[PDB]
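Residue numbers (this note's numbering), protein chains in the order written: chain R, 3 to 222; chain D, 5 to 142. Below is one structure; the comments refer to it alone.
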Amino acid sequence: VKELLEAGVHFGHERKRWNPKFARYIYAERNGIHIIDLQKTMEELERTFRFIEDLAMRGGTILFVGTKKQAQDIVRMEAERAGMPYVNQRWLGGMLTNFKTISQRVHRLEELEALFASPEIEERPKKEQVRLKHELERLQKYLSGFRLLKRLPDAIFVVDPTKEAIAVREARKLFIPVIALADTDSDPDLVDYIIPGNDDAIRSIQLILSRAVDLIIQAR
Amino acid sequence: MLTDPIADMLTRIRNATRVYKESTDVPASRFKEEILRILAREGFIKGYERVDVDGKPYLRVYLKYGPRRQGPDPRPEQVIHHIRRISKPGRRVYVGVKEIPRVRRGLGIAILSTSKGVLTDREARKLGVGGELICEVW
RNA sequence: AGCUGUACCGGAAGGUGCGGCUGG
RNA sequence: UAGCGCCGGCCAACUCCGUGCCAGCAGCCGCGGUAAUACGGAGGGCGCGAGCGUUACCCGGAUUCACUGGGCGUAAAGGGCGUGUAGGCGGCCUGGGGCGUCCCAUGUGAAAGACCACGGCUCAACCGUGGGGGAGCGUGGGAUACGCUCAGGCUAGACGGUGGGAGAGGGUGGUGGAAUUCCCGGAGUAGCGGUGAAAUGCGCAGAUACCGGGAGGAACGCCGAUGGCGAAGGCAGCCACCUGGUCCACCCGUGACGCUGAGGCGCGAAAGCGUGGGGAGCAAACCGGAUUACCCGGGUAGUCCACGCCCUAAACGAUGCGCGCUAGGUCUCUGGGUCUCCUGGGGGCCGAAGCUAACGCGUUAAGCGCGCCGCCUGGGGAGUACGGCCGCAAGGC
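The following block contains the structure:
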């Protein structure tokens with residue numbers, strides 16, 4: 003508490019949206035909103051940070067997922083302030099189950115980036131250059147940050163488990179531990195290490211991600 | 005109308021376990037208490053407790069589940085996989101000592117209402133008695 | 001667009017009257 | 001002495017010649033109409049072997065009558081719906097009886113056969129000796145958890161009491177207006193009507209369009225809804241009377257009085273029938289006009305009322321009735337409260353777990369269970385034949 007309280011962490015969704023399986027993390031209902039218990043948040047936060055800190059010392063990597071409009075910037079900033087990869091534009095179907103195929107796209111990106119750093123581009127008439135540049139920029143848009151993954155990650159960090167349900171399903175399929183910042187409308191079962199908080203309110207995302215990243219930093 | 009209390013209790017337990025509820029409530033009686041006791045020792049349910057709901061005596065059953073599983077469908081494994089009713093109103097099943105069934109090659113239990121109380125198949129075979137075949141659990 | 005209970009059919013490759021159904 | 005059946009798949013075992021939708025094979029699927037591993041022959045091969053095949057019959061496979069061990073929303077299968085007799089089944093606590101139930105002992109359960117162990121025929125088949133098993137009954141003794149019975153209690157099922165609520169629930173009387181048709185009176189003249197476009201038809205005996213009065217029959221616009229009520233069928237103007245069902249609150253009374261239900265008894269759209277009325281509009285059959293039906297103009301039954309029959313359906317949510325348990329979200333009709341909300345009862349959509357061949361169902365289950373009833377057993381012939389019951393008949397079961 004005393005940091006989570008003023009961050010709007012405890013501010014859940016309305017009664018129209020809540021998942022009954024999440025009722026164990028609910029404290030009370032006020033003014034048509036669900037209030038998330040904060041002591042349970044503290045306990046779960048402690049547990050998840052213990053896991054994260056152990057993983058950080060061990061040497062594994064964490065993939066920072068999250069593509070909500072108000073979460074993209076925070077995800078990118080917190081991820082870049084570490085060696086950790088991230089996805090914040092769009093989750094392509096099969097970034098994990100179809101890792102080899104996406105790695106080919108990564109290689110294409112690196113080769114094109116090398117080519118535009120070369121003076122050998124003066125062939126291939128200007129419009130061919132145009133299409134090549136379009137391909138390159140699309141690749142940078144969708145695969146920047148994902149470039150750091152040389153292999154399968156050791157854990158995944160999902161901003162909204164409901165939003166990035168595809169990523170959660172993939173990670174479940176491949177026995178990859180899932181850490182998620184859930185809210186009232188999420189499924190507590192699918193998350194290995196849950197932080198019952200807020201998925202909206204920039205402030206909450208900022209606080210949680212900042213703390214996690216700092217812990218990773220000092221753990222290394 | 006409620007025609008069979010014991011089948012009702014078994015169904016209550018099954019329905020509770022299929023949705024991983026930690027506890028269930030059933031209307032209380034001596035016979036149900038005996039069934040719950042036999043289940044309790046064998047370590048199927050966590051344990052039963054006598055309570056009162058609006059003055060009406062109830063039995064509250066605390067259920068047991070395996071550890072949380074890994075990968076897709078992370079729901080924990082069941083301790084009571086299968087539970088049935090053998091002898092039903094309109095068809096009573098009575099077995100002698102010789103005819104006492106063996107369940108899952110000894111992995112599962114069968115509950116008998118013998119003249120010497122409510123027992124398991126093992127206890128009945130030791131005591132050399134038979135009787136009404138209530139249910140089988142595994 | 002068909003189907004169906006019932007009742008007729010001396011221009012039945014089927015039609016019409018009174019109701020019902022969507023299995024359009 | 002060595003034969004017999006097979007060689008497309010099932011099903012172990014493949015090439016050539018002959019024929020060419022022929023001759024023929026076949027247990028099923030099926031081969032043969034020109035290069036047939038399926039027909040006939042040959043060579044090889046496979047399986048049994050003094051035997052090898054075929055036909056007939058029985059069990060299996062067949063969980064394909066499902067006690068072990070099936071099903072009914074759409075594949076065959078929920079009765080058209082109530083009321084209810086026999087039957088089946090039935091809450092909580094305590095005591096008696098030991099009927100079912102369980103156990104011990106004992107008498108039977110002939111021999112032969114079956115099982116086991118030894119033996120005798122040189123082995124085996126066959127046979128001998130010994131031992132045990134055995135469902136089911138009789139007698140004696142024991143136990144009382146469950147079912148039964150008999151007593152004594154309890155209120156969680158069921159039913160009453162008091163207060164209130166909504167409703168096209170049903171029957172009987174009685175009146176309100178709009179509209180169509182017809183008759184009378186007035187005013188006015190050449191078309192009106194109808195179609196995809198036209199015709200038949202009506203009109204100079206004055207039609208259509210207009211105004212006023214009168215007669216009669218049937219149905220009730222707006223509200224009216226994805227609404228409400230009933231067991232189903234089904235039920236809409238309004239008023240009154242008589243009357244059924246149901247919901248809620250209080251938690252006051254009885255103290256298991258309950259659920260289902262083969263027969264029986266009652267209700268049962270429409271279309272039909274009989275005996276009497278009635279008949280405005282519409283309209284089978286029928287009569288005419290255009291263009292094979294369709295469409296247009298007429299028109300009998302019928303549609304309406306009373307009484308008595310008929311008893312069918314896509315009579316449907318294609319889902320029998322009762323009770324209990326299993327996440328929720330949203331819309332709506334109707335009660336109660338401490339009225340942002342909470343708690344009952346109906347009607348709808350989307351969806352947890354689960355179920356399903358799939359579609360889809362999902363607290364209004366087609367989920368998980370218990371009780372009772374009905375029904376299914378491949379298609380066609382066939383709801384046909386005969387028989388029986390019912391009906392005036394059509395026809396129904």
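All C-beta atoms in this analysis are idealised placements derived from N, C-alpha and C, irrespective of residue type, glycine included.
| Taking any Cβ of chain D, which residues in the segment 186–209 of chain R have a Cβ under 9 Å from it, in chain order? | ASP191, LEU192 and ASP194
| task | May I have the straight-line CA-CA distance separating R/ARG92 from R/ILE28, to the nearest angstrom? | result | 31 Å
| task | Name the one or two DSSP bridge partners that D/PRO31 has. | result | D/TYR62
| Within 10 angstroms of its Cβ, does R/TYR88 collect 16 or more other Cβ (buried), or is it exposed? | buried
| task | Would you kindly report the start and end of the unbroken beta strand (DSSP E) that includes R/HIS36? | result | 35–38
| field | Cβ contact check for the segment 68–75 of chain D and the segment 28–46 of chain D: 3 or more pairs under 8 Å | value | no
| task | Identify, in the order they occur along the chain, each residue of the same chain with its Cβ nearer than 7 Å to the Cβ of R/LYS23, setting aside the five sequence neighbours on each side. | result | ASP189, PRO190 and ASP191
| Does DSSP classify R/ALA116 as helix, strand or coil? | helix
| query | Taking C-beta to C-beta, are R/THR99 and R/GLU172 nearer than 7 Å? | reply | yes
| task | Over the uninterrupted beta strand (DSSP E) stretch that includes R/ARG32, give me the two end residues. | result | 28–32
| message | So that I know if they touch, is there some Cβ in chain R lying closer than 7 Å to that of D/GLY75? | response | yes
| Best match in R/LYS143, R/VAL11, R/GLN220 and R/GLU31 for proximity to R/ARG17 [C-alpha to C-alpha] | R/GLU31
| query | Using the beta-carbon count (16 or more within 10 Å), is R/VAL132 buried or exposed? | reply | exposed
| request: Can you check DSSP and say which residues form a bridge with R/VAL160? | output: R/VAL67 and R/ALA182
| request: Return the bridge partner residues of D/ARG88 from the DSSP annotation. | output: D/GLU140
| Length of the line joining the Cα atoms of R/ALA203 and R/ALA9 | 8 Å
| message | Suppose you measure from the CA of R/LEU209 to the CA of R/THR69; what does that come to, to the nearest Å? | response | 17 Å
| message | Closer than 6 Å to a non-hydrogen atom of the ligand GTP - does that hold for the CB of R/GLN91? | response | Looking for the ligand GTP in the displayed structure turns up nothing, as the structure carries no ligands at all.
| query | Candidates R/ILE181, R/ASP185 and R/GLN106: which alpha carbon is nearest R/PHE148's? | reply | R/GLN106
| said: Need the endpoints of the beta strand (DSSP E) that residue 154 of chain D sits in, please. | reply: As displayed, chain D neither begins before 5 nor continues past 142, which places residue 154 of chain D out of reach and without an answer.
| task | Would you list, in chain order, the members of the segment 53–71 of chain D that have their beta-carbon closer than 9 Å to a beta-carbon of chain R? | result | none
| message | Measuring alpha carbon to alpha carbon, tell me which residue in R/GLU46, R/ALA58 and R/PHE66 is nearest R/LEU150. | response | R/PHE66
| request: Verify the CB distance criterion: does R/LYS175 have a CB-CB separation below 7 Å to chain D? | output: yes
| said: Whole angstroms are fine: how far does the CA of R/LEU145 sit from the CA of R/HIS136? | reply: 14 Å
| said: Residues in the same chain with beta-carbon distance under 7 Å from R/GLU5, minus the five sequence neighbours each way, listed in chain order, please. | reply: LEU209
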